[PDB]
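Take a look at this single chain in structure tokens; it is the form deposited in one PDB entry.
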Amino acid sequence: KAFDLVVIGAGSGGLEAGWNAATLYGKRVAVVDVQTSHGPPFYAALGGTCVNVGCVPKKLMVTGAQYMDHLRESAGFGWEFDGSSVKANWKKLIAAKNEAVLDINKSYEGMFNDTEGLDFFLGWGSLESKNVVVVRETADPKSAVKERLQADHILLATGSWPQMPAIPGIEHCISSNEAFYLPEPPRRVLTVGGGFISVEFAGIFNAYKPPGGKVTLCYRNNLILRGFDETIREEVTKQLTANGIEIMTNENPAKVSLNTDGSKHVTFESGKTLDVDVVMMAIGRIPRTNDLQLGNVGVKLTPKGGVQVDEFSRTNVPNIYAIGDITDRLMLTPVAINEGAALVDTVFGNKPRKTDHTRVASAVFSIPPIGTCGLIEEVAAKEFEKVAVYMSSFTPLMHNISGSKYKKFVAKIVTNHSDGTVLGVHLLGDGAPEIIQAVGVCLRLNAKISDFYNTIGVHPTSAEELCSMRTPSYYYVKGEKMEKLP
């Protein structure tokens, strides 16, 4: 019952910290989670949000969704088949996803049992005192104690949870959690929100919808995917539209009621109405701090609800650290992992290291997908006196043959024009998530635009566009966009 490190949350960040502390530094580690395998009632489980109801299953379902486009696009290359026979069997997809996630859950179980001084505790972790974690049977602080864990160090890694807007009939709506377990693909679905989760699920539902189906995505402001490159936000909007998805911008649900046939009657703030079979709320995720009883040891939270941390993931309380989504910064699995690895290298390895939250490669598995690393130009333009934007945007030859002429591949490089330093790279198109990873390494190396254009292309690829851009398309000078420099 005594440990060097107790981790509350067996997710992306918590398991990296846990495994590393045990296997690299022979430390004695307890990891707490509420559930050993995916799905209801608690959705996240051993492996965390990404494994159970996040990156892993989402990516398999987007891959499944992509076959709608491959089956159509095949015709341009001479593939012939009975188009009237094509069905998308959602139940098969969900059964395959469930088996894949369960196998990972079982993999993590094997990892704990195989590893000396790495112990999993089932139940709800909360802070009793500075050096004691209590595992209770439920999220109720008044529920039975399963365990009292003595901790030289405590890591909070409980991640996040979907935010459900407090509107009349929210109980008729789902989150991404339930989306992963729908018994039937909805004929009509409203995805609410403009972020990656709404966009990715709109794609998934669009491919698996039964005949006469309709996917509608609503967003409360003007243009989806705030924080992404603007050119790409506009293009993804057009390319989703081109594939049958209705993008309702400047619209937001005011209430939902059940129709007598069990469908949902959505009334928007605008007075507009829409009937759908499923309303999936994807308007935000919020850190899971409530259940940890942070009032008990005085761990400070932010004006947004995330655990306050310094660059070393340290809270205001010595021996207590927080990584990943609970910190409410970049909600990405590899960031959580990086932070956990750095924390353990610092505290147990005597090799202090701070996660770099700049120049983080990331993706949206939209159809087609986004890959991005570093600053968008509007952000660069406020930091740097002179910013250059290099842009290539055209439909690749193969999509002129596929018949998907709307699939413009977008490649943008944003530089500090004073020294050529690449500040950001923004891609839209097939392969963009794969292309961007080694761009992340390029930015860590402070690559300049001349490092890209002096590198020999791989031909033919989309990626070689990044090595073909010599001349800025336009600039920002003291924040002002202009075609040409003074």
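Heads up: residue numbers just count along the shown sequence, starting at 1.
Although it is not shown, the form solved in complex with a small molecule is what the next lines describe.
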Problem - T231, heavy atom within 4.5 angstroms of the small molecule in the deposited complex - result: no
Handout entry: Partner proximity in the deposited complex: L332 to the small molecule, non-hydrogen atom cutoff 4.5 Å
Key = yes
Practice task
Determine whether any heavy atom of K354 comes within 4.5 Å of a heavy atom of the small molecule in the deposited complex, and answer yes or no.
Solution key: no
Exercise for the section: Determine whether any heavy atom of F196 comes within 4.5 Å of a heavy atom of the small molecule in the deposited complex, and answer yes or no. Expected result: yes
Exercise for the section: Report the stretch among 380-388, 310-318, 258-266, 219-227 that approaches the small molecule in the deposited complex to within 4.5 Å, counting heavy atoms only. Expected result: 219-227
Exercise for the section: Scan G374, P287, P253, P369 and let me know which has any heavy atom within 4.5 Å of the small molecule in the deposited complex. Expected result: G374
Handout entry: Heavy atom within 4.5 Å of the small molecule in the deposited complex - the one residue of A363, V410, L93, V347 that qualifies
Key = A363
